Number of protein chains: 6
Amino acid sequence: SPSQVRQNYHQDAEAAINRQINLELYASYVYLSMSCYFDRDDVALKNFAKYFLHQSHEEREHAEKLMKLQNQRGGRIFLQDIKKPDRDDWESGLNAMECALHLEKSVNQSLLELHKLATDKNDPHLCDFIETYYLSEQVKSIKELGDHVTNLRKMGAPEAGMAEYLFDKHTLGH
Amino acid sequence: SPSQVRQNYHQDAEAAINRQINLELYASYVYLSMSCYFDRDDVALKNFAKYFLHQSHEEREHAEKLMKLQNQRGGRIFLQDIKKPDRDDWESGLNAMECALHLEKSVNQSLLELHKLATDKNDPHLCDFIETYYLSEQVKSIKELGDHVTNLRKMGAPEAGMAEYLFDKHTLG
Amino acid sequence: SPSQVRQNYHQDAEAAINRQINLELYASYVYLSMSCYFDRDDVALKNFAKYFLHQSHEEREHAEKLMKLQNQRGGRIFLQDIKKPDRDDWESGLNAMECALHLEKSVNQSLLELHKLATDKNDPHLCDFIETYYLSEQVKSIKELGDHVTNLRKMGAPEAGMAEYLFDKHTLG
Amino acid sequence: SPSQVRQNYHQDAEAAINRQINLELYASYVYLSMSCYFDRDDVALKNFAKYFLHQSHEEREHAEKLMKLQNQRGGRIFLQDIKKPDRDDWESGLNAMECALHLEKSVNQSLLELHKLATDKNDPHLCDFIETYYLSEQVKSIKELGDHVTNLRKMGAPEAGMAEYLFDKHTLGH
Amino acid sequence: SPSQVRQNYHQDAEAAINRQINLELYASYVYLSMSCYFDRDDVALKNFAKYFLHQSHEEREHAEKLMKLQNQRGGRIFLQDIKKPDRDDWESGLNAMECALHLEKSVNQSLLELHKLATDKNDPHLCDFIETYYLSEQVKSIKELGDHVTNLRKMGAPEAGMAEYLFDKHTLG
Amino acid sequence: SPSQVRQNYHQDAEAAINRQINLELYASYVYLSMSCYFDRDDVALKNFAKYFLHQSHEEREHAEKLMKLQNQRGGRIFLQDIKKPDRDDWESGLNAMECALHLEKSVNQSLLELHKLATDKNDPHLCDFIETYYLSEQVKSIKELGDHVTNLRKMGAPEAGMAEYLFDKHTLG
């Protein structure tokens, strides 16, 4: 029998929120893997490491916000395994930025499908939640990553040895 | 060929550190599940939720410290799936504290086996690392959880309705 | 049946901790006796009295830390009589410093045997506890006492009347 | 031959002061035992533990004040064994408060006999010392302990599980 | 006849501490040589010079800490000649970082042998001293040097003329 | 071929500066040995130890200033072994002060020969450098040491047991 607070919250939306929680946790774990990679002594880009660690924590925050939403609407959180990232070795700062861009666009696509579903179920609170706390942030993150990829490519990374070093210092070091 | 920094770091220790990283991440995810449970409208113990969320973040910090150790010694981090917790529904504040106590003692046991291995491989830096940043913290956490279980039991939880409410306010608030 | 928190804590270690608690309490009582002695009107060295009173309180703190350890690991504290010091009359500042040096080295030896036992039982938390909070402090205290004995002897104490007076003022004041 | 400072200080008073020093040390050790008991993981009342630890330190201070008195009057301190407390296991917060009340009243009785002796020996400095620094403090401590016993009993301790917990928080947690 | 403070301190440990003191002094002198090299007008990398001068002073501090340990345990310090570094001319910032990495790993190896010896002699105070003040610092220094070597190599040093200049400004400045 | 900055700097001056660098380093090591000696538990004069440790660091600073001069004038620093001090055991505070006085006067004599050489080679910058940063400091140090020797002797050291103790407290404290 439904939660005492549950109103206008379709079971399909509940399931899709649980899937999105898992995806945010997965993204957090991918960024954590990237951060570990740039901390290796044979890579040693401290500001790449800092950048992706920050991203990892932000993705965890996103997941926790979705869990709060789920309880607030009277849904029930069902956690699933967090799959390991597709790679141990991220090959270069440029490659990691490109993979992060791909990841962020996949997360964005999942959010857009979630918003489609909430619109189809006439759930304006959920639509507004997604728009307010997620869509704008994704567009910003995607644009940032695209900018970084563009600059790294123009500087000549990975092959120009100086490029990732100086990008680490100037763009990611403030 | 070995990392330029690698010295006196046995492949067995490297593997065991990777396993411990996974275990800390798993513990973080268990505590996150508990925290979500006490945020439910039909449970609604805000300070239980806060407590376990804090524990979740601390476990993530422990994992990140182990990853830093791994890179510092020239090992290579290999991540694995983080398995889902054994339960969605943690049944009561007392039950969650008991499960957390069990979890912390399993993590402690894994750390003790890691210290055994480092001692067997004559790796004093790793032994000292475990002693300094892990063993003492585990003993403290286990003692705290035991205390909470004891008080909850004596108050009459879960069946005495007032017990978890007042414990939430007094001890965890 | 064992405490809910007890893990990897051997009954022999528990017993040895209780013995060490008693020894620390005994040391506290010895230093208290010394302090009383230098407060006598026919001795009247106020800074010797202060020094040994400080040592007495520090030894009590050491005992209380061991009791906390015992409860933290799930052992049970069993107190015993605190025997009276071997002497009422400590004869001179030099003699008291020499007796304190002997006492501190006996306490150190007991701690070293405790660390041996913890190592034999593969109890790294207890080993680390002893190393961290006890061994270093003992080495420091022993060195300090040795220094004081050396200076007092060189100054000509007890027989040079000025020596303990000036040592009281300069070193201990 | 007597101390150069000794005046109007009877050997019987000196002996009785040494006995009182031992009793204060014993009381300190009893309270230390109680404090250890409430720190056990299967008891776990932190404010009971704090309370009795405070009492233990206060009893040690009382003993040290008596030792100072002894040297001030030119008596000589003779220490004796400090006997172990009668119990390892203090059974409950109520039981420990009751045992502490009994202990404090025994210490008070010893102080009253000491004051009787000082009065019989016409030693007004010692009488005043006892009155000023000891008797009033004992009456206060006894009244406090009686109050705590009364409240614990009325709350239903030990059998009402909530009683010692809430007393720990409200009365002893200030 | 032994020092009044000496307890549980084996003659082999005393000798090994004296050898380690000499090694730390030697390391200090090597880093001083490197620092002088980067101050040459035909090299002129001020932040390399600063970096290695800092390292030189830190190595001297390490030696002085070992001397304090030696006196604290009642051993006797016997100094030996400090041999001159193997090179006057360190060839480049990358080469100096590589030689420093090699040096730090040799010092680490000597510390590990010292810890082995202290463990074999059952000297927990000395083991803890080494772990606490030396091993962790060495692992950190080795990791740092490895990082610097990695970055310099990737930037194209020594042959890319800009590399050491910009590394001097960004990483070491 | 000469350094681009080298002007009016004779090869003999360069060699003599390298010798002086070695002598300053040697002096630093002698004072370090003295400092260690007064830290022994059977000597235990803390302010003698502090005093000579300060002197050791000052001598190292002198050496580093000479190395800077060498690079500034375009000479090349060639380091040599730093020989061990002539003694492990400095026997007493008075004896150590006397040996320090002898050492400082030998360093002064070497500086005077260096100034003679610079004057003979018509190198006014080097002459001024020696006068400004070295000669005056040496005269001051020699006078100070002479004062300390005089007072220690008059107090009756080493044989008057109180003398070095009180000198440690009053003059060096």
Side-chain angles (χ1 to χ4, degrees), chain B residues 143 147 150-151 154 170-171, chain C residues 18 21-22 24-25 28-29 57 59-72 75-82, chain D residues 22-64 82-108 134 137-153 155 157-158 163-174:
Chain B
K143 178 61 161 61
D147 293 350
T150 293
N151 281 284
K154 291 163 52 192
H170 292 292
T171 298
Chain C
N18 284 332
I21 294 168
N22 194 63
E24 300 292 330
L25 292 172
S28 182
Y29 193 42
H57 295 168
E59 293 296 318
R60 188 185 70 183
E61 289 177 345
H62 297 170
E64 296 179 355
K65 186 186 296 294
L66 289 166
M67 296 184 293
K68 185 171 181 291
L69 173 70
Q70 186 77 273
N71 280 331
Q72 195 167 354
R76 296 287 171 259
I77 298 164
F78 292 101
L79 300 175
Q80 298 299 320
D81 293 350
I82 303 171
Chain D
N22 194 63
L23 179 60
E24 300 292 330
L25 292 172
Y26 172 73
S28 182
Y29 193 42
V30 173
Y31 285 121
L32 177 59
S33 177
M34 291 179 180
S35 184
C36 295
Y37 175 78
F38 294 96
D39 182 57
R40 289 172 50 171
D41 62 316
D42 58 353
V43 180
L45 295 166
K46 288 187 182 300
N47 289 329
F48 297 12
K50 303 288 197 298
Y51 178 81
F52 291 117
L53 183 62
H54 180 69
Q55 299 304 316
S56 178
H57 295 168
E58 291 297 316
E59 293 296 318
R60 188 185 70 183
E61 290 177 345
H62 297 170
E64 296 179 355
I82 303 171
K83 299 291 190 292
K84 65 186 186 71
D86 60 13
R87 295 175 58 170
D88 300 330
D89 180 354
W90 294 96
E91 181 184 4
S92 71
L94 173 62
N95 188 43
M97 289 295 183
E98 289 176 345
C99 292
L101 175 61
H102 185 75
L103 176 64
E104 293 297 326
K105 295 184 71 178
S106 67
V107 175
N108 197 34
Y134 288 83
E137 188 279 337
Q138 287 304 108
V139 170
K140 186 172 296 294
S141 299
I142 294 172
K143 178 61 161 61
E144 185 184 11
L145 288 170
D147 293 350
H148 299 325
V149 171
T150 293
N151 281 284
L152 284 168
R153 290 181 183 163
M155 294 171 75
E164 295 189 359
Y165 178 82
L166 292 178
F167 184 87
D168 183 80
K169 306 296 175 294
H170 292 292
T171 298
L172 301 182
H174 182 62

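Letters go in sequence order (proteins before strands), and every chain restarts at 1. All heavy atoms count here, side chains included; hydrogens, waters and symmetry mates do not.
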How many angstroms lie between atom CD of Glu58(D) and atom OG of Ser28(D), to the nearest 0.5 angstrom? 10.0 Å

Run through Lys65(C), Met67(C), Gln80(C) and flag the one making a side chain to side chain contact (heavy atoms under 4.5 Å, CB included) with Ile21(C). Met67(C)

Without placing hydrogens or testing angles, list every side-chain donor-acceptor pair under 3.5 Å for residues 47-54 of chain D, not counting sequence neighbours.
residue  : atom : partner   : partner atom : Å
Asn47(D) : ND2  : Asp168(D) : O            : 2.9
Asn47(D) : ND2  : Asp168(D) : OD2          : 3.4

Cationic N near anionic O, under 4.0 Å, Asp42(D) to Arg76(C): yes

Is any side-chain heavy atom of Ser106(D) closer than 4.5 Å to one of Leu103(D)? yes

Measure across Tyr37(D) and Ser92(D) and return the closest heavy-atom pair with its distance rounded to 0.1 Å. OH-N, 3.8 Å

Please check if the side chain of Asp88(D) supplies one atom and the backbone of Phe78(C) the other of a donor-acceptor pair under 3.5 Å. no

With a 4.0 Å cut-off on N to O distance, would you call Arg60(C) and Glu64(C) a salt bridge? yes

Can you give me the closest heavy-atom contact between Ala157(D) and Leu94(D), atom names plus distance? O-CD2, 3.6 Å

Minimal non-hydrogen separation, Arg87(D) against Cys99(D), with atom names: NH1-SG, 4.3 Å

Would you say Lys46(D)'s side chain and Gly173(D)'s backbone share a donor-acceptor pair under 3.5 angstrom? no

Within this structure, what is the CD-CD distance for the pair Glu137(D) and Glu104(D), rounded to the nearest 0.5 Å? 6.5 Å

Residue among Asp81(C), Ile82(C), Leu79(C) satisfying side chain to side chain contact (heavy atoms under 4.5 Å, CB included) with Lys83(D): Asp81(C)

Nearest heavy atoms of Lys84(D) and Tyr29(D), plus distance in Å: CA-CE2, 3.9 Å

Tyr26(D) and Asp86(D) have their tightest heavy-atom pair at OH-N, 4.1 Å

From CA spacing to verdict: side-chain contact (heavy atoms from CB on, under 4.5 Å), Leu45(D), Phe167(D): CA-CA 10 Å; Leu45(D) 295 166; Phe167(D) 184 87; over 6 Å; no

Rounded to the nearest 0.5 Å, how far does CG of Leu66(C) lie from CG of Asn22(C)? 11.5 Å

Please tell me if the side chains of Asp39(D) and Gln72(C) come closer than 4.5 Å, counting only heavy atoms from C-beta onward. no

Donor-acceptor pair, side chain of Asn151(D) and main chain of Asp147(D), under 3.5 angstrom: yes

Beyond-backbone contact of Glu98(D) with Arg153(D), side-chain heavy atoms, under 4.5 angstrom: yes

As an exercise, state the distance from OG of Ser56(D) to CE of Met34(D), rounded to the nearest 0.5 Å. 10.5 Å

So which atom in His62(D) and which in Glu24(D) form the shortest heavy-atom distance, rounded to 0.1 Å? CB-OE1, 3.3 Å

CD of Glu164(D) to CG of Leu172(D), rounded to nearest 0.5 Å, is 10.0 Å

Kindly check if the number of other-residue, nucleotide or ligand heavy atoms within 6.0 Å of NZ (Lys68(C)) is above 12? no

One should read off an interatomic distance between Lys154(B) NZ and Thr150(B) OG1, to the nearest 0.5 angstrom, of 7.0 Å

Keeping the roles fixed (side chain from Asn71(C), backbone from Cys36(D)), state whether a donor-acceptor pair exists under 3.5 Å. yes

Can you list everything that forms a salt bridge (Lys or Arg N to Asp or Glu O under 4.0 Å) with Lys140(D)? Sequence neighbours excluded, please. none

Counting heavy atoms not belonging to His170(D), are there more than 12 under 6.0 Å from its NE2? yes

Would you check, one step at a time, whether the test side-chain contact (heavy atoms from CB on, under 4.5 Å) holds for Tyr134(D) with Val107(D)? CA-CA 10 Å; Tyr134(D) 288 83; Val107(D) 175; over 6 Å; no

Mind checking what makes side-chain hydrogen bond (donor to acceptor under 3.5 Å, both in side chains) contact with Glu59(D), not counting sequence neighbours? none

